[PDB]
Amino acid sequence: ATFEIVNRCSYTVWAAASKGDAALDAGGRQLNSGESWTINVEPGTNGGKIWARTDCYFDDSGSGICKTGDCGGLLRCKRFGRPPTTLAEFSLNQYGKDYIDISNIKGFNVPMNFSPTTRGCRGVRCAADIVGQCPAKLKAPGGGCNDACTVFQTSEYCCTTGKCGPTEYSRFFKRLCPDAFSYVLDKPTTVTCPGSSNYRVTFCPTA
């Protein structure tokens with residue numbers, strides 16, 4: 001599948017693409033305001049994620065740090081990123097269908113539109129001002145709005161046993177963005193698309 005990744009933000013982001021135990025396509029790249037990076041993601045990819053990273057520094061080797069979404073100090077991510085991260089997730093070619101969502105389960109850093117560019121389904125968006133409204137106890141000094149699990153490390157926010165419900169914190173994310181996962185057992189906002197669709201992920205879609 002082909003994913004076009006587009007930075008409509010007024011600031012640079014470093015895009016990242018990974019399935020956890022490796023990169024998707026090259027794994028990451030800088031994106032100045034208005035730039036667009038097309039990647040190829042292998043069919044059948046299960047548990048793939050794309051996100052942005054903000055305020056990064058990388059040396060000549062591609063080693064460094066990011067304030068949000070750091071993936072072990074690499075430009076070219078192999079692993080998932082450090083919360084907080086608005087996540088565009090994708091598991092592909094699963095019994096003939098592709099499944100996508102946007103997730104605030106690992107917090108929110110950048111507003112996001114994740115939409116099919118081919119026919120047969122709808123896109124999802126999370127573009128509210130989650131950073132600006134963020135509860136004080138969830139604010140990440142680095143920038144962004146952390147998830148409750150990240151901050152407090154409890155069975156209830158992390159859904160560790162499998163039995164959790166909404167919390168005050170999940171309902172905050174859910175109010176600013178109905179269409180994204182706010183906690184692990186949230187009513188699913190997954191879109192089922194045609195198998196083998198192509199995608200566009202747009203940072204800061206409004207503008």
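If you read the sequence from its start, that first residue is 1, and numbering goes on from there. Just so you know, these numbers use all the heavy atoms, side chains as well, and skip hydrogens, waters and symmetry mates.
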**Prompt:** If you group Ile, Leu, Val, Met, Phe, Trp and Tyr by side-chain heavy-atom gaps below 4.5 Å, do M112 and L31 land in one group?
**Reply:** yes
**Message:** Please determine whether disulfide bond (SG atoms under 2.5 Å apart) holds for the pair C134 and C145, giving the CA-CA distance in whole Å, both sets of side-chain angles, and the decisive distance to 0.1 Å.
**Reply:** CA-CA 6 Å; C134 188; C145 191; 2.2 Å; yes
**Atom pair CG (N104) and CZ (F181), whose distance is rounded to the nearest 0.5 Å** = 11.5 Å
**Item:** Joint cluster assignment, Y157 & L138, ILVMFWY side-chain distance < 4.5 Å
**Value:** yes
**Asked** Nearest heavy-atom pair of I39 and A17: which atoms, and what distance?
**Response** CD1-CB, 3.8 Å
**Fill in**
Sorted by chain and number, sequence neighbours left out, side chain to side chain contact (heavy atoms under 4.5 Å, CB included) with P141 holds for none
**Prompt:** How far apart are the closest heavy atoms of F114 and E89, and which atoms are they?
**Reply:** CE2-O, 3.1 Å
**Item:** Spacing of CG belonging to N146 relative to OH belonging to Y169, to within rounding of 0.5 Å
**Value:** 11.5 Å
Contacts under 3.5 angstrom, residues 199-207 side chains, donor-acceptor by atom type, not counting sequence neighbours:
| residue | atom | partner | partner atom | Å |
| --- | --- | --- | --- | --- |
| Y199 | OH | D98 | OD2 | 2.6 |
| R200 | NE | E4 | OE1 | 2.9 |
| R200 | NH2 | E4 | OE1 | 3.2 |

**Request:** Before giving the answer on side-chain contact (heavy atoms from CB on, under 4.5 Å), spell out for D147 and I105 the whole-Å C-alpha distance, their side-chain angles and the decisive distance to 0.1 Å.
**Result:** CA-CA 6 Å; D147 69 285; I105 286 153; 5.9 Å; no
**Prompt:** Looking just at side-chain N and O atoms, do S103 and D101 make a donor-acceptor pair shorter than 3.5 Å?
**Reply:** no
**Item:** Closest heavy-atom pair and its distance - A1, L92
**Value:** CB-CD1, 3.9 Å
**Fill in**
In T85, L75, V13, the residue satisfying side chain to side chain contact (heavy atoms under 4.5 Å, CB included) with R53 is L75
**Request:** State the CD1-CD1 distance between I50 and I102, to the nearest 0.5 angstrom.
**Result:** 11.0 Å
**Request:** Decide whether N7 and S33 meet the rule of one side-chain donor and one side-chain acceptor closer than 3.5 Å.
**Result:** no
**Request:** Would you check if the side chain of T68 reaches a backbone N or O of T54 as a donor-acceptor pair within less than 3.5 Å?
**Result:** yes
**Message:** With rounding to the nearest 0.5 angstrom, report the CZ to OG distance, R76 to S63.
**Reply:** 9.0 Å
**Prompt:** What closest approach, in Å, do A52 and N109 show between heavy atoms, and which atom pair accounts for it?
**Reply:** O-ND2, 3.1 Å
**No-hydrogen, no-angle side-chain donor-acceptor test under 3.5 Å, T12 and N32** = yes
Using distance only, find each side-chain donor-acceptor pair of residues 123-133 under 3.5 Å and give its atom names and separation, not counting sequence neighbours.
| residue | atom | partner | partner atom | Å |
| --- | --- | --- | --- | --- |
| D129 | OD1 | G132 | N | 3.2 |

**Fill in**
dist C158:SG -> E156:CD (nearest 0.5 Å) comes out at 10.0 Å
**Item:** Worked verdict on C66 versus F58 for side-chain contact (heavy atoms from CB on, under 4.5 Å)
**Value:** CA-CA 9 Å; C66 295; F58 296 106; 3.7 Å; yes
**Asked** Does the side chain of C121 come within less than 4.5 Å of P194's, by heavy atoms?
**Response** yes
**Asked** Are more than 12 heavy atoms from other residues, nucleotides or ligands located less than 6.0 Å from atom CD of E42?
**Response** no
**Message:** How long is the straight-line distance from CZ of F80 back to OG of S18, given to the nearest 0.5 Å?
**Reply:** 5.0 Å
**Asked** Side chain of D186, backbone of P188: donor and acceptor closer than 3.5 Å?
**Response** no
**Message:** Quick check: closest heavy atoms across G69 and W51, and the distance to 0.1 Å?
**Reply:** O-NE1, 3.1 Å
**Item:** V191 with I5, same ILVMFWY side-chain cluster at under 4.5 Å
**Value:** yes
**Prompt:** Looking at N46 and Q94, what are the two nearest heavy atoms and their distance?
**Reply:** ND2-OE1, 3.1 Å
**Item:** Single-linkage hydrophobic cluster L87~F3, side-chain heavy atoms < 4.5 angstrom
**Value:** no
**Prompt:** Knowing that exactly one of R122, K187, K174 qualifies, which makes a salt bridge (charged side-chain N to carboxylate O under 4.0 Å, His left out) with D179?
**Reply:** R122
**Prompt:** Between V110 and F90, is there a shared hydrophobic cluster once you connect ILVMFWY residues whose side-chain heavy atoms come closer than 4.5 Å?
**Reply:** yes
